[PDB]
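First the structure, in the form of structure tokens, and then the observations on it.
Residue numbers (our numbering): 183 to 435.
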């Protein structure tokens, strides 16, 4: 045991060069150790520009990757969990990378550590995406009852949706997505996009196919004619409205 560093350092980089998982662990632990040692040298401001430029680096990474490597994506989202400068990464790119790479636990953990310690509600909507993708409708319904839903009709539809009364939930979502005489303020864009998406879920859950197909195309650019072409524009449309469109028209056909 009276051996030196090189017999530990060179085979470590030699095996981390070949296998990507141990490369992920090594890059994460070395990065976190260096940033932990930055407590002594950089003090108040040069530290803060260092971590701001690291956040710049990582946001550029997650926006411009196109192959989605799981060790790389999870490694740069795993070093964002420990240091509170990089918790504010981007809730859009995190959810896109975790849906594309099949790593929703890592995005869920990062967004949770962000909601610990607007960019409040943005992370809630992009956390409901990751929880919807892996089943988990109980936790997603727990999100919409507390932090996203403001109005009362949202909670009264969440109850009737939870007790499997999907007609008396879609009726309230239709009754909320046409209200103009809102007395106490307006819904947000998040609170209205939830009502649209959950009305689609209720119409799919019942069986109502002549209503599901119309509601699944009458929010893209189609006012008087149904112009199906616009689903390739605005890529969120082909992730949110496309399967309901095709399933509804197919069950009709």
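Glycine included, every Cβ here is placed at the ideal spot set by N, Cα and C.
{"Asked": "Considering only C-alpha positions, which residue in the set 389, 386, 431, 418 is nearest to residue 408?", "Found": "431"}
{"Asked": "Could I get the ranges of all uninterrupted alpha helix (DSSP H) runs contained in the region 221-278, with 4 residues as the minimum, in chain order?", "Found": "228-246, 252-260"}
{"Asked": "Any chance the region 229-236 sits against the region 246-256, with 3 or more Cβ pairs inside 8 Å?", "Found": "no"}
{"Asked": "How many Å lie between residue 398 and residue 211 at the Cα?", "Found": "46 Å"}
{"Asked": "From 422, 394, 198, 406, pick the residue whose C-alpha is nearest to that of residue 434; which is it?", "Found": "394"}
{"Asked": "Run through DSSP, which three-state label would residue 287 get?", "Found": "helix"}
{"Asked": "In chain order, what are the residue ranges of uninterrupted alpha helix (DSSP H) at least 4 long that sit wholly in the region 369-409?", "Found": "371-387, 391-399"}
{"Asked": "Take residue 403 and list the residues in its own chain whose beta-carbon comes closer than 7 Å to its own, dropping the five residues that flank it on each side.", "Found": "409, 412"}
{"Asked": "Which of the three DSSP states, helix, strand or coil, is assigned to residue 299?", "Found": "coil"}
{"Asked": "What's the call for residue 288, buried or exposed, on a 16-neighbour Cβ count within 10 Å?", "Found": "buried"}
{"Asked": "Does the region 350-370 come within contact of the region 318-328, defined as at least 3 CB pairs closer than 8 Å?", "Found": "no"}
{"Asked": "To the nearest angstrom, report how far apart residue 418 and residue 333 are at their CA atoms.", "Found": "25 Å"}
{"Asked": "Three-state secondary structure (DSSP) at residue 345?", "Found": "coil"}
{"Asked": "Does the region 381-395 come close enough to the region 342-351 that 3 or more CB-CB pairs lie under 8 Å?", "Found": "yes"}
{"Asked": "For a test of the three-state rule: what should DSSP assign to residue 128, helix, strand or coil?", "Found": "Absent from the structure is residue 128, since the part of the chain shown begins at 183 and ends at 435."}
{"Asked": "Am I right that residue 206 and residue 256 are in contact with their C-beta atoms under 8 Å? What's the rounded C-beta distance?", "Found": "7 Å"}
{"Asked": "Closer than 8 Å by C-beta to residue 427: which residues in its own chain qualify, once you throw out the five before and the five after it? Chain order, please.", "Found": "395, 398, 399, 410, 413"}
{"Asked": "Output the distance between the C-alpha atoms of residue 203 and residue 225, rounded to the nearest integer angstrom.", "Found": "33 Å"}
{"Asked": "Span of the alpha helix (DSSP H) holding residue 306?", "Found": "303-315"}
{"Asked": "On the CB-based measure, 16 or more other CB atoms within 10 Å of its CB, does residue 260 come out buried or exposed?", "Found": "buried"}
{"Asked": "With DSSP as the reference, label residue 323 as helix, strand or coil.", "Found": "helix"}
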